[PDB]
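Peer 1: Residue numbers (the deposited numbering): 1 to 107. Where a beta carbon is used, it is the ideal one built from N, C-alpha and C, also for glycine.
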Ligand SMILES: CO[C@H]1C[C@@H]2CC[C@@H](C)[C@@](O)(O2)C(=O)C(=O)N2CCCC[C@H]2C(=O)O[C@H]([C@H](C)C[C@@H]2CC[C@@H](O)[C@H](OC)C2)CC(=O)[C@H](C)/C=C(\C)[C@@H](O)[C@@H](OC)C(=O)[C@H](C)C[C@H](C)/C=C/C=C/C=C/1C
Ligand SMILES: [Cl-]
Ligand SMILES: [Cl-]
Ligand SMILES: [Cl-]
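1. Kindly provide the chain-ordered list of residues whose Cβ lies closer than 7 Å to any non-hydrogen atom of ligand 2.
2. Tell me whether the beta-carbon of residue 99 lies closer than 8 Å to the beta-carbon of residue 76.
3. Candidates 11, 57, 51, 25: which alpha carbon is nearest residue 44's?
4. Which residue or residues does DSSP assign as beta-bridge partners of residue 106?
5. Compute the beta-carbon to beta-carbon distance between residue 81 and residue 58, rounded to the nearest angstrom, for a pair I have assumed lies under 8 Å.
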């Protein structure tokens with residue numbers, strides 16, 4: 001599943017709701033240490049809708065349990081990420097993924 005380790009606490013009150021758009025900054029790396037992406041380096045926060053299966057299960061389950069302003073390390077086992085298939089040309093089969101996510105806003 002998804003394991004969450006807080007980097008900085010959020011407000012402890014405002015969490016993503018049904019129908020809301022999450023606005024985050026993230027950095028992703030393979031558990032071996034290779035960084036594969038960062039919304040921070042492109043200076044553009046990442047947006048996705050809660051409950052719309054837009055992102056991998058671990059990323060959305062991690063964000064759903066975060067409050068506004070929280071930053072956390074999410075460790076995603078392959079069954080909540082890209083599983084046996086991987087993501088073509090970027091994420092191999094059976095990859096555990098680490099995401100550093102900050103919940104910036106809810107729209
Ligand atoms: C260039 O960078 C890519 C993101 C890259 C791709 C490669 C991976 C390593 C990665 O680097 O992100 C990465 O860090 C990663 O693993 N991510 C991104 C951050 C959230 C977690 C994860 C993810 O789920 O990616 C996603 C993963 C790769 C695929 C999805 C996984 C869940 C599954 O249910 C979905 O089935 C459909 C497919 C990619 C996304 O987060 C993008 C935003 C979402 C989609 C494409 C779909 O949800 C699509 O469904 C119709 C939509 O509704 C979108 C909004 C429609 C519009 C037009 C498309 C926009 C595309 C934007 C693409 C972007 C910024
Ligand atoms: Cl790297
Ligand atoms: Cl920015
Ligand atoms: Cl923002």
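Peer 2: Checking against the coordinates, here is how it stands:
1. My final list is 29, 33, 34, 35.
2. Taking the first residue of the chain shown as 1, we reach residue 99 at position 99. Taking the first residue of the chain shown as 1, we reach residue 76 at position 76. A contact, by the Cβ cut-off of 8 Å.
3. Working through the chain shown from its first residue, we reach residue 44 at position 44. With distances taken between Cα atoms, residue 44 lies closest to 25.
4. One-based indexing of the chain shown puts residue 106 at position 106. In the DSSP output, where bridge partners are listed per residue, residue 106 has 22.
5. Within the chain shown, the letter at position 81 stands for residue 81. Within the chain shown, the letter at position 58 stands for residue 58. Sure, about 5 Å apart at Cβ, within 8 Å.
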